K.L.:
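Can you keep this structure in mind? I'll have questions shortly.
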Amino acid sequence: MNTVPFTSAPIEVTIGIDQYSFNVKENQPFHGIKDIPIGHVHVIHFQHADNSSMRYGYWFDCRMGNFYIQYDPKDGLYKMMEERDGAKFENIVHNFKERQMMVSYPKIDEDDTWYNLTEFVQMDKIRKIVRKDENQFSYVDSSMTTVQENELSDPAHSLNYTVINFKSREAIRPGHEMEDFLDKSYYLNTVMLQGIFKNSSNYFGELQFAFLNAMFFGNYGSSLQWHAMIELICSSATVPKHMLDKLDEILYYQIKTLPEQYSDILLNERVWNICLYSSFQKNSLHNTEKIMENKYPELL
Amino acid sequence: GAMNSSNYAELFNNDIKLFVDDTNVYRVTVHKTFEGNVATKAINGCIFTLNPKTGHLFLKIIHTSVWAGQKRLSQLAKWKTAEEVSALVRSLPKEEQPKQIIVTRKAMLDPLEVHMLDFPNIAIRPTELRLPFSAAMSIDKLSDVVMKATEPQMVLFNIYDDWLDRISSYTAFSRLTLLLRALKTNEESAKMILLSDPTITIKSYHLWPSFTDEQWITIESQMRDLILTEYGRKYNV
């Protein structure tokens, strides 16, 4: 079990760790989060009590180093940092644990929610979508724009999601216009899976990471990417049987985890109605269709 | 974005543009089968591609053979239209290629956009105008060349005859739409109005009769009267 210590909590803030959240009061004696499950990526995220604008946070994997949070009163945020001194860090964490100044990652044993949301998400793939190669962890916030948003303004602070565009030379073979537009199987299987992603796992990894950025930060560009990657599969007549079965499980846990009160801004009516009722895969997402009908029958 | 009565004069500026109407591409007669079911028989169609400034009409004849063994023909018809327009642009020298193409039906937007991906500088636009280009097959000479075609064929016309010698393209387009609106509302009445005086003929190289300027005013008056009557009848007002 890994630990992310905090130097202090000088400003009142809601702290998230993955799907969990805790309110911390200004100067409350809070010194971090222990018992973090090894083997998954994690996100630690922040919303200041005084500005419910700029949700921000850090993707990390505790296997890749010793990370801590320290408030920066110049830049006015909680910053993730790496401690390279193994002994200093073990000693910092042991003191804070002994003084019980740390909250415990509150995983229920039966509960596979976090695994299910991050099954294909790899820290090495996050660092290629979020480029800041001097850190082993990745900063994301509410307002960061995607490379595809910038094409239609700072390249260094962008989300480098794979560009998907159904009306692009990339998506449409010359002489196969109608065929490729109405059945995107060639765009999905040759261009995206064989060409760019190399395998379904990397494709699902980006899809899951896009969803989580949409949910945790209300990152609009991420929400657009999540929907585009769903639509590309649902709009392909030819999809490997295992990809469809896995997609149904992925989306089921995403829909299950969404805050009930956020369905209006994070779910795209057209895409979901298409996927579930119109598309080639209308009959292929049983679990996702059942949770969407019972939990958001309005949207449809 | 969309073309309407607020940006009407844009049609007659010096930026090359074409209207595309697909309403006569896929044409059927519905009939009973021996077993008492219903079936369609396709007849020859046409794409109506018109430069509203010059009157140049690119009439692509759609021969019934293009439908043989195809499914979902009303959907294919939009894509075949987009394919042939795209082939037409590529066939024109660069300085003749349109800067915009306006589709009379919004269902053509995605088909044409996808077929024109090689031409990012050509704007594909819808219109809020209710244009009567569906009545093109009420012009006897256009109907004749479509129905006689034995293979796919492109035929070039000037839908304004020699009118631009005497009137502007705004006025020529207004006369064309009035004529086509009348032919669409009551073909029989419109056609009677146009040929009632057998001393006025259609030149071999023209589509419409050789009316003097005063005769065109009388004709235009009779077309408006026809359109109004039919409207009163339609709506009992």
Side-chain angles (χ1 to χ4, degrees), chain A residues 1-38 40-62 64-83 85 88-108 111 113-114 117-118 123 126 130 132 135-144 211-219 222 257-262 265-266:
Chain A
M1 305 311 265
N2 279 108
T3 303
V4 172
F6 281 46
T7 300
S8 67
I11 71 163
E12 193 162 299
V13 61
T14 306
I15 306 180
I17 174 62
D18 303 345
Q19 74 262 43
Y20 308 104
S21 72
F22 307 102
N23 298 310
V24 174
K25 301 308 174 287
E26 177 193 303
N27 291 319
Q28 168 186 336
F30 172 82
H31 294 271
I33 308 175
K34 65 181 190 162
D35 302 326
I36 299 164
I38 314 186
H40 306 128
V41 303
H42 295 288
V43 55
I44 177 165
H45 47 103
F46 301 93
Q47 188 152 230
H48 300 183
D50 69 343
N51 190 34
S52 75
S53 288
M54 189 187 65
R55 268 177 287 165
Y56 63 99
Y58 306 88
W59 291 100
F60 66 95
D61 183 331
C62 279
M64 287 170 61
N66 298 317
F67 308 115
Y68 69 102
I69 299 292
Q70 184 160 308
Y71 182 69
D72 175 13
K74 186 165 164 61
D75 291 345
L77 75 183
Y78 288 98
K79 292 195 164 160
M80 179 157 291
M81 295 196 281
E82 181 168 357
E83 179 56 68
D85 194 347
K88 183 171 188 181
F89 187 78
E90 283 168 26
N91 189 248
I92 279 307
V93 170
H94 176 273
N95 174 84
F96 284 154
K97 285 200 189 173
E98 280 294 303
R99 304 223 288 151
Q100 296 200 38
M101 300 266 85
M102 300 195 166
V103 290
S104 178
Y105 184 99
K107 180 168 179 313
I108 304 316
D111 182 22
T113 293
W114 192 246
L117 290 169
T118 64
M123 196 67 226
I126 294 178
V130 200
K132 202 173 213 276
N135 299 334
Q136 296 286 293
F137 49 85
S138 297
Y139 170 91
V140 184
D141 68 28
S142 297
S143 64
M144 273 164 58
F211 171 77
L212 288 168
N213 289 324
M215 194 179 45
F216 287 133
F217 306 113
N219 188 273
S222 297
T257 307
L258 269 183
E260 287 71 29
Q261 303 286 334
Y262 286 49
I265 50 172
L266 291 176

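Chain letters run A, B, ... following the sequence lines, proteins first, then strands; residues in each count from 1. These values consider heavy atoms only, across backbone and side chains, with no hydrogens, waters or symmetry-generated copies.
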K.L.:
Please confirm whether the backbone N or O of A:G218 pairs with a side-chain atom of A:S142, one donor and one acceptor, at under 3.5 Å?
P.N.:
no
K.L.:
Are the side chains of A:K132 and A:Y139 in contact, using a 4.5 Å heavy-atom criterion?
P.N.:
no
K.L.:
Rounded at 0.5 Å granularity, tell me how far CZ in A:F67 sits from CD in A:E82.
P.N.:
5.0 Å
K.L.:
Counting N and O atoms only, with roles assigned by atom type, does the side chain of A:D111 sit under 3.5 Å from a partner on the main chain of A:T113, one being a donor and the other an acceptor?
P.N.:
yes
K.L.:
Identify the two heavy atoms, one from A:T14 and one from A:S21, that lie closest to each other, and give their separation to 0.1 Å.
P.N.:
CG2-CB, 4.3 Å
K.L.:
CD1 of A:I126 to CD of A:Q136: how many Å apart, nearest 0.5 Å?
P.N.:
12.5 Å
K.L.:
Measure the spacing between CE of A:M81 and CD of A:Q70 and express it to the nearest 0.5 Å.
P.N.:
4.0 Å
K.L.:
Just by modelled atom types, is the A:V93 backbone N or O under 3.5 Å from a matching donor or acceptor in the A:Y68 side chain?
P.N.:
no
K.L.:
With a 6.0 Å cut-off (strictly less than), is the heavy-atom count around NZ of A:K25, excluding the residue itself, greater than 12?
P.N.:
yes
K.L.:
If only atom types and distance count, is the side chain of A:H42 paired as donor or acceptor with the main-chain N or O of A:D61 below 3.5 Å?
P.N.:
no
K.L.:
Enter the distance from A:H45:NE2 to A:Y58:OH here, rounded to the nearest 0.5 Å.
P.N.:
12.5 Å
K.L.:
I'd like to know if the side chain of A:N219 reaches the main chain of A:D141, judged simply by a donor and an acceptor atom lying under 3.5 Å from each other, with no hydrogens or angles considered.
P.N.:
yes
K.L.:
With no hydrogens and no angle check, is any side-chain donor or acceptor of A:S222 less than 3.5 Å from a backbone partner on A:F211?
P.N.:
no
K.L.:
Would you check if the side chain of A:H48 reaches a backbone N or O of A:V13 as a donor-acceptor pair within less than 3.5 Å?
P.N.:
no
K.L.:
Is there a side-chain contact between A:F46 and A:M54 in this structure, where contact means two heavy atoms from C-beta onward sitting under 4.5 Å apart?
P.N.:
no
K.L.:
Let me confirm one number: the CD1-OH distance from A:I33 to A:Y20, rounded to the nearest 0.5 Å.
P.N.:
12.0 Å
K.L.:
I need the A:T3 OG1 to A:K97 NZ distance, nearest 0.5 Å.
P.N.:
3.5 Å
K.L.:
Return yes if a side-chain donor-acceptor contact under 3.5 Å exists between A:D18 and A:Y105, otherwise no.
P.N.:
yes
